[PDB]
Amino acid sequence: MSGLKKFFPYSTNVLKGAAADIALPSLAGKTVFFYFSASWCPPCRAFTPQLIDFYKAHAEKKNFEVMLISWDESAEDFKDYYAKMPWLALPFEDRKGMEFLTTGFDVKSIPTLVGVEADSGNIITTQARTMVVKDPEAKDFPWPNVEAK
């Protein structure tokens, strides 16, 4: 699963609600979305509920997962914000890992939603945020290269 691991030089497991036991290899075959967000961001607050709806409707059928990559500035804020989400999270303690992803994808502002292929480790798009609201039925999911629009 070397492809997906390329995104996590400093973590082998990610959070899942109570358990911090999800092992990366368990995402094999899925599309994985990195969600760059934070509690102090007004548009994230407005966008998150929409992503949560999308996730409840298609995560299973469309076979995808989402992972919070937090820009929160404290462990406590992180803890509370992520508590309100149903998906995965890169642990707050892996700050360098957050920074590696943030620069890697050139994430200048949030919310940003980046779509990736678990198996090959390839990138689908860094602009899935707008497609989540623009295509709620997920007809064109996972939207490769929306950057062309």
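Residue indices: 1-based, along the sequence shown.
Judged by mean Cα B factor in the deposited record, 51-59 ranks above the other of 65-73 and 51-59.
The mean Cα B-factor in the deposited entry runs higher for 10-18 than for the other of 121-129 and 10-18. Sort the chain's modelled residues by C-alpha temperature factor and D106 lands in the middle third, per the entry. Among the modelled residues of its chain, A83 has a C-alpha B-factor that falls in the highest third according to the deposited record.
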